[PDB]
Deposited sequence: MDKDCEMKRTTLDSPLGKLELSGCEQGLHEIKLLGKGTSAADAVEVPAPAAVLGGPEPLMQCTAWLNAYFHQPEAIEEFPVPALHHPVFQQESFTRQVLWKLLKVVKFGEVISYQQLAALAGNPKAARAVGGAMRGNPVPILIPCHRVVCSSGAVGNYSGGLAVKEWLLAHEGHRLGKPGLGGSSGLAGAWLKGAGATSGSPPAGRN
């Protein structure tokens, strides 16, 4: 699993994308459309770069971009966390939101909202797997592993009045 990396500047700051031939491993926030610092394969990395560029700069076409394969260890083995992440990825689209409770139910256990909240913090590929779209049943934005301001920027970017 030879790890390759590249960096992509964005409205959220420099994003570090890492992965291998088998898939995208992580999207990390290090703190005008920009190119990835290092061009070329592996394929999942190039796909992630194109996806992110579209998400930030050509959002109307986001559904057109293929989602790269994921190979971070969290996706390699079965677990409630993986079930949660995959469900979120598959169901909650651009402009949509879901409560921690609804996602828990989706994952098969309506009473596991806290575990769902914990699962969000174990998400290695934010934005792509929209942990920012998981919010409070009260209407509040809710906590975010990457900070409230970041969660609010993403939600505002998707049409929310924030």
Stretches with no C-alpha atoms in the model, relative to the deposited sequence starting at 1: 1-4, 36-45, 177-207
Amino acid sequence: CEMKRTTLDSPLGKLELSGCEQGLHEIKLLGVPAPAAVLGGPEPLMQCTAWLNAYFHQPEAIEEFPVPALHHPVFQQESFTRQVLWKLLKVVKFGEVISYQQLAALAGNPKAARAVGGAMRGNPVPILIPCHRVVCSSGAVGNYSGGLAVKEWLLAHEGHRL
From here on, numbers count along this sequence of modelled residues.
Residue stretch of maximal mean CA temperature factor, 33-41 vs 132-140: 33-41
Selected stretch [higher average CA B-factor]: 53-61 or 108-116: 108-116
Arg161 CA temperature factor, ranked by third within the chain: middle
Chain-wide C-alpha B factor ranking for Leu12, given as lowest, middle or highest third: middle
Within-chain third of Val92 by Cα B-factor, per the entry: lowest
Third of chain Cα B-factors occupied by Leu154: lowest
Within-chain third of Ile98 by Cα B-factor, per the entry: lowest
